[PDB]
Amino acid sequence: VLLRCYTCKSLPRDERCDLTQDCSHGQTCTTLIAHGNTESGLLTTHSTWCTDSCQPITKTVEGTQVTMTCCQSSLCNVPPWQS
């Protein structure tokens, strides 16, 4: 079964992904979410793409919450605040 995922780069919290790409066979949907303070105050971003190796993780790199999520449904990789 071939998947279609949302493919967007570093989008701000209040903005939904328009771009969608057909994944290569074996590929899964992924979402990276960064959340931490910046010069323009606190900021939440989301990036989505077709990945090969998918590892769900949640680490706080240099005081920024990074969350990685995987899903096997088509167009499923939508950030929590948009599902």
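Don't overthink the numbering: it's just position in the shown sequence, from 1.
Enquirer: Lowest, middle or highest third of the chain for the C-alpha temperature factor of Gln72?
Expert: Middle third - that is where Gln72 ends up once the chain's C-alpha B-factors are sorted.
Enquirer: For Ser83, return the chain-relative third of its C-alpha B-factor as stated in the PDB record: lowest, middle or highest.
Expert: As the PDB entry reports it, the C-alpha B-factor of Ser83 lands in the highest third of its chain.
Enquirer: Taking the chain's C-alpha temperature factors as the reference, tell me which third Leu42 falls into: lowest, middle or highest.
Expert: Its C-alpha B-factor, which the entry lists for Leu42, ranks in the highest third among residues of this chain.
Enquirer: Would you mind ranking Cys23 by its C-alpha B-factor against the rest of the chain and naming the third, lowest, middle or highest?
Expert: Highest third.
Enquirer: Taking the C-alpha B-factors as the PDB entry records them, is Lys9 in the lowest, middle or highest third of its chain?
Expert: Lowest third of the chain for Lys9's C-alpha B-factor.
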